[PDB]
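Everything on this sheet refers to the single structure shown next.
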Amino acid sequence: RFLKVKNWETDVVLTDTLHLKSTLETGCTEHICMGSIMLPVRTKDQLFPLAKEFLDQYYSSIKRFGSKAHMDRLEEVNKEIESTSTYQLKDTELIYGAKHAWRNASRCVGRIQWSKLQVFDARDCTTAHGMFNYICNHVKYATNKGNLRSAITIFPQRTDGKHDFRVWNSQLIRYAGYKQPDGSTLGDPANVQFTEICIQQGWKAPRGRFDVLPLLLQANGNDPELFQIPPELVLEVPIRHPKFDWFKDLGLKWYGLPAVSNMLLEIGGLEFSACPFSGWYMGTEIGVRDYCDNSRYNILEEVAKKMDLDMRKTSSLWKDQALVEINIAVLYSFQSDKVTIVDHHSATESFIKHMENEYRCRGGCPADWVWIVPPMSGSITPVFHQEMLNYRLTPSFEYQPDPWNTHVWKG
Amino acid sequence: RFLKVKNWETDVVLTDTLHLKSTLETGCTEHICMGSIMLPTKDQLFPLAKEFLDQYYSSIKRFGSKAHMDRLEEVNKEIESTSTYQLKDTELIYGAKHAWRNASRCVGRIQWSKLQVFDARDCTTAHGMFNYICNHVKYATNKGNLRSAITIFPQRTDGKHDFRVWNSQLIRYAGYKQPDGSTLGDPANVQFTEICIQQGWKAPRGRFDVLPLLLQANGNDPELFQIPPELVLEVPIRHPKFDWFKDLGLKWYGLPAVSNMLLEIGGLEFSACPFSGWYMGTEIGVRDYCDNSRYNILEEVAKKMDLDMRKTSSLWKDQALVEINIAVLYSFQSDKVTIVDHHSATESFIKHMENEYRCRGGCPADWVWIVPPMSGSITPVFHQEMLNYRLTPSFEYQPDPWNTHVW
Ligand code: HEM
Ligand code: HEM
Ligand SMILES: Cc1cc(N)nc(C[C@H]2CNC[C@H]2OCCNCc2ccccc2O)c1
Ligand SMILES: Cc1cc(N)nc(C[C@H]2CNC[C@H]2OCCNCc2ccccc2O)c1
Ligand SMILES: C[C@H](O)[C@H](O)[C@H]1CNc2nc(N)[nH]c(=O)c2N1
Ligand SMILES: C[C@H](O)[C@H](O)[C@H]1CNc2nc(N)[nH]c(=O)c2N1
Ligand SMILES: [Zn+2]
């Protein structure tokens, strides 16, 4: 079968056949679309087909499908599964798999970059101190003094589900949030609960508006351990505005390295529960979401106040005005400090070129419109007008529950 | 089977039960989500009629009453005898209000129960259709104090006698492709404008020429009519701070009035059912003015603001966009023509959703359409999970008549 997608701005029509390799479910049915829902221990039995499908994909990619090396590797993995109940990826397969999870990540607008990913193999890691060291090296390598490089670090896979590696932080670098007795929040409200866990674990909180959180790391199903990332490794950007000299006095800054640490990488049926990965920011993630979401830093009011906008009626579009200026400030600040960042016009145009290339060479590019369209100025970006098909390919990145909810405390 | 939706800003969780009454299909499967696709007999009609009359009699608290059983029988007899049936005025009004209520792509549905329904089922000619439509236009406009309305022409019979309005909206601007290669007026209407002139329209060849109505009665060839200019309320566009704004010579019409859709009530199909409300500001300022394939005025505006257009990262498009949208709202508000901003409309829709969840067990909603085309995440709808499903009565898309009609 063939599915068609249309761009309503260009009338360019693309044909998808890759959706025929989709295995996992969407959450949608013929009767309900769950396209805007945010979140919609394996047997040998379920494991060998998944291994086989993956190795068939790996061997086709290298143009060795059905070769002796392909056949020997299937047999070898087969034997490893029956005997040990799991199996180990070759380094080449791990790299391919991690690149493909990114390539297949339908919520990611940055995927033009998928084939340039530095993979750090941390599968020999055994302790939380070992994890800390790996994660420092990743941060320093990725940061590269502002010339950011995409990277992923991959800790040992799940075994019985009792011995999981996890990074408890949702991202490697984030700011503490503190709920005050009066109900206000100091710092980042998204991180209150986690900040509270860190404090309970023994973290001494400076209690400011931009305190980089400690890493809380769990190796081999053990209780998690606290580490402070060396501050010389945490690149930050003070935020100022090119025309508005009072903007600096808002006291804003942000970190340069966006690094998701709570997701699960599935490759060939294997589950890598700790696999922090990082790229560089699109300006709107900070200027729109981190700064202006009402449940985050929520700076719209204070900015529009200082711009002397008419704030008595929403129809003055004061919020929209303050929003644009903040996003100008973020991009200006990162560029001035030579820290890599991409604006939403550039990122979306690049994504459209990526998606078109993928249709020609791959037969498709699964894409989640709800996530791909930027959270400001949607329709003046080319992605708004692009029809997309969302389906699930493996290798893949997946959500997993927060570890404080499932962890068996040892003491 | 019971489904939850969460608002990620407020943590409010709602439980949807209404989806289990979903009739039609979404286009999605368990393998593939088509959420962002624009367009994804006697025997058949009685189930549809019964489904509808059941929900109608339920709504007036008369479910299972003799009058309920009697109507079901009467309709049954009429279908077996005539191969269709006719709706009571009460059923027609309820059906039309419910098609709007069910419109998952509409942010304005808090209004759904205040719809003036004009019953035009006795209409027989295009001139009659023109009369009905001028009266709708005038009623709805109400000197700028806009009132929601729908006008319902006769239902489909054998499908060879369709009533259609060929216009996509009652009021739109002409589009003409030039020897220059560029486009004068609205590029969306080039083909429709080339159907008008071909049937004999006196095209003035300007940038903002209100198109003529092209009306088809009883499956006949369509005829041209000009809406009395004093019935087409238009707004010159100016900015409250930028004096030069007026010099772009921009204007828009006050009445948004979709005229190409099909109203389905109880299996009956109303192929000509123009309806209207009032604008949300972004429809004009973001979409009409700034789409690359529309009036596409961003470049001109950014220039008069003297912004740096050398690099996308100065956000010049974004800056101009906000100002263009400030101007649209200010102009409509100054000329006292009803308009809603995207902040107000989306806050009202959140209130509406909560009402529908509380009183009806859900509210079908298409997030892709409901989130405004600018400033998405600063409106509350951005953070609201929505379930999309199809309920009847409904408005549906239908083929453009020129591809279907035989002359
Ligand atoms: C290179 C620069 C990159 C840019 C500009 C970029 C951009 C983005 C943005 C804007 C999002 C949406 C995030 C949000 O709204 O919360 C996202 C999501 C995502 N990206 Fe990227 N990305 C980049 C690199 C990467 C890398 C290196 C990976 C992994 C190897 C990755 C995998 C993902 C995944 C799995 C998501 C979905 C996350 C979720 O559902 O929470 N991306 N990307
Ligand atoms: C009262 C003021 C109203 C407001 C502010 C409003 C708002 C909107 C908006 C912004 C859209 C998206 C349009 C687009 O982007 O193309 C829309 C779509 C729609 N509305 Fe409304 N609406 C109103 C009244 C009505 C009425 C009176 C009806 C029918 C009786 C209706 C039925 C629909 C339908 C069926 C769609 C989807 C049309 C399509 O798929 O192209 N709306 N609404
Ligand atoms: C590798 C990478 C690069 C990039 N530019 N952005 C990202 C995403 C990071 C930085 N900005 C937002 C953050 O993503 C956080 C995870 N996604 C949001 C999310 C997912 C599930 C549930 C709740 C959520 O808030 C990752
Ligand atoms: C009753 C009503 C009120 C309102 N405020 N807006 C509307 C929608 C009107 C005003 N702006 C766009 C117009 O709807 C056009 C049709 N919708 C978009 C569409 C659908 C299918 C195919 C192509 C399209 O462009 C209707
Ligand atoms: C309910 C809705 O799906 C949710 O708010 C989504 C919308 N789109 C998004 N898009 C991105 N990129 N990131 C997000 O967090 C969200 N949030
Ligand atoms: C391809 C995509 O579905 C298309 O551009 C949609 C997106 N969301 C929309 N939302 C609204 N309200 N109106 C539209 O015309 C569109 N167009
Ligand atoms: Zn879907």
Side-chain angles (χ1 to χ4, degrees), chain A residues 5-9 35 38-39 98-119 142 148-154 170-174 190 254-265 275-286 288-290 293 295-296 340-344 346-348 350-351 368-375 378-379 381-388 395-400 402, chain B residues 6 8 34-40 105-107 280 282-283 286-287 291 342 366-373 376-377 381 383:
Chain A
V5 297
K6 172 166 179 186
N7 186 290
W8 286 83
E9 193 194 329
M38 193 105 76
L39 320 164
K99 283 175 190 210
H100 283 72
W102 182 14
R103 198 185 188 177
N104 297 335
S106 73
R107 295 181 166 172
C108 179
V109 73
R111 284 176 289 167
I112 192 166
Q113 288 290 330
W114 76 268
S115 75
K116 198 180 178 198
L117 177 61
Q118 180 64 214
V119 177
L148 275 36
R149 297 183 282 201
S150 298
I152 181 171
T153 297
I154 305 161
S170 67
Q171 296 169 47
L172 301 179
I173 308 196
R174 290 197 89 172
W254 205 253
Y255 49 88
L257 187 73
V260 164
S261 48
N262 60 2
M263 294 184 85
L264 180 157
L265 166 57
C275 57
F277 56 84
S278 60
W280 51 83
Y281 269 112
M282 178 168 80
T284 58
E285 304 176 74
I286 311 158
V288 190
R289 310 297 318 285
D290 300 320
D293 272 11
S295 309
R296 304 287 310 287
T340 312
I341 197 160
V342 68
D343 69 78
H344 57 290
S346 180
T348 52
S350 285
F351 180 79
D368 183 344
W369 196 101
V370 170
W371 278 62
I372 296 291
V373 175
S379 82
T381 74
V383 290
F384 185 92
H385 307 271
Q386 185 61 57
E387 289 186 344
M388 295 176 194
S396 66
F397 288 108
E398 301 295 341
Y399 301 108
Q400 50 171 350
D402 292 313
Chain B
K6 174 173 176 176
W8 288 83
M34 296 205 163
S36 71
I37 309 301
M38 286 253 75
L39 318 166
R105 294 181 167 174
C106 182
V107 74
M280 177 167 74
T282 51
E283 298 180 79
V286 182
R287 304 304 310 285
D291 273 12
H342 54 288
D366 180 343
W367 189 102
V368 169
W369 277 63
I370 298 288
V371 176
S377 69
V381 291
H383 313 267

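The figures here come from the full heavy-atom set of this structure, side chains too, leaving out hydrogens, waters and symmetry mates. In what follows, chains are A, B, ... by sequence order, proteins preceding strands, each numbered from 1. Every number for a ligand or one of its atoms is a count from 1 in the order of the listing.
Distance CG/A:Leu265 to CD1/A:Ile152: 5.0 Å, rounded to 0.5 Å. Atoms OG and CG, from A:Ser396 and A:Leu264 in turn, are 8.0 Å apart once rounded to the nearest 0.5 Å. Atoms CD1 and OG, from A:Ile372 and A:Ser106 in turn, are 7.0 Å apart once rounded to the nearest 0.5 Å. Here the straight-line distance linking atom OG of A:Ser150 with atom CG of A:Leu117 works out to 6.5 Å at 0.5 Å rounding. Distance check: A:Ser278 OG to A:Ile173 CD1 gives 9.0 Å after rounding to the nearest 0.5 Å.
By the criterion of a heavy-atom distance under 4.0 Å, the backbone of A:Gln386, and not its side chain, is placed next to ligand 6. At a heavy-atom distance under 4.0 Å, only backbone atoms of A:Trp280 (N, CA, C or O) approach ligand 3. The parts of A:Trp280 lying near ligand 1 are both backbone and side chain, judged by heavy-atom distances below 4.0 Å. Residue-level proximity to ligand 1 for A:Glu285 is carried by the side chain, the only part with a heavy atom below 4.0 angstrom. Looking at A:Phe384 against ligand 6, both its backbone and its side chain come within 4.0 Å, counting heavy atoms.
Inter-residue side-chain proximity for A:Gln118 and A:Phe277 is flagged as unmet; no heavy-atom pair is nearer than 4.5 Å. Contact check for A:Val373 versus B:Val371: no side-chain heavy atoms found under the 4.5 Å cut-off. A 4.5 Å side-chain heavy-atom check between A:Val383 and A:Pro374 finds at least one atom pair inside the cut-off.
For atom 15 (O) of ligand 6, the nearest non-hydrogen atom of the protein is B:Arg287 NH1, 3.1 Å. Protein heavy atom in closest approach to atom 38 (C) of ligand 1: A:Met263 SD, 4.0 Å. Nearest protein neighbour of atom 26 (C) of ligand 1, counting heavy atoms only, is A:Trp102 CE2, 3.4 Å. Closest protein heavy atom to atom 6 (C) of ligand 6: B:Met38 CE, 3.8 Å. Remark: minimum distance from atom 16 (O) of ligand 1 to any protein heavy atom is reached at A:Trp371 CZ3, 3.8 Å. Of the protein's non-hydrogen atoms, the one nearest atom 26 (C) of ligand 3 is A:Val260 CG2, 3.8 Å. The closest protein non-hydrogen atom to atom 3 (O) of ligand 6 is B:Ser36 O, 2.9 Å. The nearest heavy-atom contact from the protein to atom 7 (C) of ligand 6 is A:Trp369 CZ2, 3.4 Å. From the protein, the heavy atom lying nearest to atom 15 (C) of ligand 3 is A:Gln171 NE2, 4.1 Å. What sits closest to atom 12 (N) of ligand 6 on the protein, heavy atoms only, is B:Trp369 O, 2.9 Å. Counting only heavy atoms of the protein, atom 18 (C) of ligand 3 lies nearest to A:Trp371 CH2, 3.8 Å. In terms of protein heavy atoms, atom 21 (C) of ligand 3 is closest to A:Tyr399 CE2, 3.6 Å. Of the protein's non-hydrogen atoms, the one nearest atom 29 (C) of ligand 1 is A:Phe277 CD1, 3.1 Å. Atom 7 (C) of ligand 3 has as its closest protein heavy atom A:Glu285 OE1, 3.5 Å. In this structure, atom 3 (C) of ligand 3 lies nearest to the protein heavy atom A:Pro258 CG, 3.8 Å.
A:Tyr281 and A:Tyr255 have tilted rings, their planes meeting at an angle from 30° to 60° on a 0 to 90° scale.
Comparing heavy-atom distances from atom 35 (C) of ligand 1 across A:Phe351, A:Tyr281, A:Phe397 singles out A:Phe397 as nearest. Distances from atom 18 (C) of ligand 1 to the heavy atoms of A:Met282, A:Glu398, A:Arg107 show the closest one on A:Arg107. Between atom 43 (N) of ligand 1 and the options A:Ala105, A:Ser278, A:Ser350, A:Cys108, the minimum heavy-atom separation is to A:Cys108.
In terms of modelled atom types and a separation under 3.5 Å, the side chain of A:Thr153 and the main chain of A:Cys275 share no donor-acceptor contact. The main-chain N or O of A:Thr381 is never found under 3.5 Å from a side-chain atom of A:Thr348 such that the two would form a donor-acceptor pair. Remark: the backbone N or O of A:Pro395 is paired with a side-chain donor or acceptor of A:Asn104 at under 3.5 angstrom. At distances below 3.5 Å, at least one donor-acceptor pair connects side-chain atoms of A:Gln400 with backbone N or O atoms of A:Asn262. With B:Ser377 contributing its side chain and A:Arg289 its backbone, the two residues share no donor-acceptor pair below 3.5 Å.
Annotation for ligand 6: atoms under 4.0 Å from non-hydrogen atoms of A:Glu387 are 1 (C). In summary, the atoms of ligand 3 found under 4.0 Å from a heavy atom of A:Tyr281, numbered by their order in the structure, are 5 (N), 10 (C), 11 (N). With ligand atoms numbered from 1 in the order given, ligand 3 contributes 1 (C) to contacts under 4.0 Å with heavy atoms of A:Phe277. Interface atoms of ligand 3 facing A:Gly279, defined by a heavy-atom separation under 4.0 Å, are 1 (C).
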- [ ] Show the numbers, then the answer: is there a side chain to side chain contact (heavy atoms under 4.5 Å, CB included) between B:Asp291 and A:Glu9?
- [x] CA-CA 8 Å; B:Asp291 273 12; A:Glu9 193 194 329; over 6 Å; no
Open item on the list: For a side chain to side chain contact (heavy atoms under 4.5 Å, CB included) check, start with the C-alpha distance between A:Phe397 and A:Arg107, then their side-chain angles and the critical distance, and finish with the verdict.
Closed with: CA-CA 10 Å; A:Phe397 288 108; A:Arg107 295 181 166 172; over 6 Å; no
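Put simply, part of A:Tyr399 is less than 4.0 Å from ligand 1, judged by heavy atoms. Under a 4.0 angstrom heavy-atom cut-off, A:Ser150 registers as being in contact with ligand 1. For A:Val109, the heavy-atom gap to ligand 1 drops under 4.0 angstrom.
Between B:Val368 and ligand 6, at least one pair of N/O atoms sits closer than 3.5 Å.
For the pairing with A:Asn7, the side chain to side chain donor-acceptor pair (under 3.5 Å) check across A:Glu387, A:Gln386, A:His385 returns one residue only, A:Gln386.
Of all heavy-atom pairs spanning A:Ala142 and A:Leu257, the tightest one is CB-CD1, 3.7 Å.
Within the 4.0 angstrom cut-off, atom 24 (C) of ligand 3 has no protein heavy-atom neighbours.
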